[PDB]
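[1] Below is the sequence, then the experimental coordinates.
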Amino acid sequence: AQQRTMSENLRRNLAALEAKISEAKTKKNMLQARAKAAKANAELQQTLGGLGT
Amino acid sequence: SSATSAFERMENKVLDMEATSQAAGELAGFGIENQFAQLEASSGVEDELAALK
Amino acid sequence: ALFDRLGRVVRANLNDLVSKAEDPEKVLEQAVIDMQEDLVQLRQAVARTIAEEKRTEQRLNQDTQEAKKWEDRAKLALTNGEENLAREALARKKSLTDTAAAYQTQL
Amino acid sequence: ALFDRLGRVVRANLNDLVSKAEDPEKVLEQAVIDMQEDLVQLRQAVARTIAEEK
């Protein structure tokens, strides 16, 4: 009776963790695209402008 | 110390770069818009010429 | 600010020397050549950001069509009489839909 | 009073000497060049504050 109740609590917490790690994984794929874009914008600004020697 | 503790720290750095890069563009200024308008008008003048054909 | 005055002067003399070594034709020619090479590299950098536009269209399409296959599987599961199997398919289908929504926003 | 005077004299002789080494055409050109580099850094300083606004 203790084992069955205990098993459920472990089983439930793990599934919630899988969802969290999946979200991170989901964030990571698109988050890299933001970084690429942010870098690309910076170079365009420097090349169009640029002042002093 | 945790995997999340470093992931969430990295996310903020990517977002800061996105904000910084756009802000650099804001303060540089843009000339694209007033050139684009010249292209739109430039079309309008030759739309009439196209219409005759 | 006596130090500053000196630091200004040392740099000014170096700048004056550099502008002797600046020929007119060749520094000017090299300047266009540098710009041409740098511009091509920038086009390459931009192209891989413009790749992500196309890729995010693919990602969304895909996962919205896994969502359909869960429905396709579910219709049969209901008919055959396994309510639990049907609910699992429908539950899985929902959070694929949540994921799909997120993609459009990003896109 | 006394040391204060002598320490002014040391500064004053140096001040004259550096002003002689300041050519007006070159020093003027260099200063404008410095100011342009400084302006770019300052624009980026504002941009990184505007970043936290966003």
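    Noted; the coordinates are in hand. Numbering: from 1, shown residues only, chains lettered A, B, ... in the order given.
[2] distance of residue C:62 from chain B?
    Distance check for residue C:62 against chain B: by CB to the nearest CB, to the nearest Å, it reads 24 Å. All C-beta spots, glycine's among them, are computed from the backbone N, C-alpha and C.
[3] what's the burial count for that residue?
    Neighbourhood size, residue C:62 [other CB atoms under 10 Å in any protein chain shown]: 13.
[4] got the contact list for the nearest residue to residue A:37 once chain neighbours are set aside?
    Closest residue in space to residue A:37, ignoring its immediate chain neighbours: residue C:49 at 5.0 Å, by CB to CB, 6 or more residues apart in numbering or on different chains. The contact partners of residue C:49, by CB atoms under 8 Å, 6 or more residues apart in numbering or on different chains, come to A:33, A:36-37, A:40.
[5] Tell me which of the residues you listed fall in helices.
    A:33, A:36-37, A:40 (DSSP state H).
[6] What's the ChimeraX syntax to select whichever of those residues are buried?
    Buried subset of the ones in helices among the contacts of residue C:49, written as a ChimeraX selection, criterion 16 or more other CB atoms under 10 Å in any protein chain shown:
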select /A:33,36,37,40
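[7] Closest one to chain D out of the ones in helices among the contacts of residue C:49, please.
    residue A:37 (14.4 Å; CB to the nearest CB).
[8] so the closest one sits right up against residue B:15, yeah?
    No. Counting by CB atoms under 8 Å, residue A:37 does not reach residue B:15; the two are 11.7 Å apart.
[9] quick one: the helices in the chain?
    In the absence of a named chain, this looks at chain A. Along chain A, counting by DSSP H, helices occupy A:2-48.
[10] You answered for a different chain; I wanted chain B.
    With DSSP H as the criterion, chain B has helices at B:3-28, B:32-52.
[11] quick one on the thing from earlier: please identify which of the contacts of residue C:49 is nearest to residue C:97.
    Ranked by distance to residue C:97 (CB to CB), the contacts of residue C:49 are led by residue A:33 at 21.8 Å.
[12] Could you measure from that closest one over to residue D:47?
    For residue A:33, the distance to residue D:47 (CB to CB, to the nearest Å) stands at 22 Å.
[13] With residue C:74 instead?
    For residue C:74, the distance to residue D:47 - CB to CB - is 52 Å.
[14] Please apply the same query to residue A:40.
    16 Å.
[15] can you check residue C:93 too?
    Remark: distance between residue C:93 and residue D:47 (CB to CB) = 45 Å.
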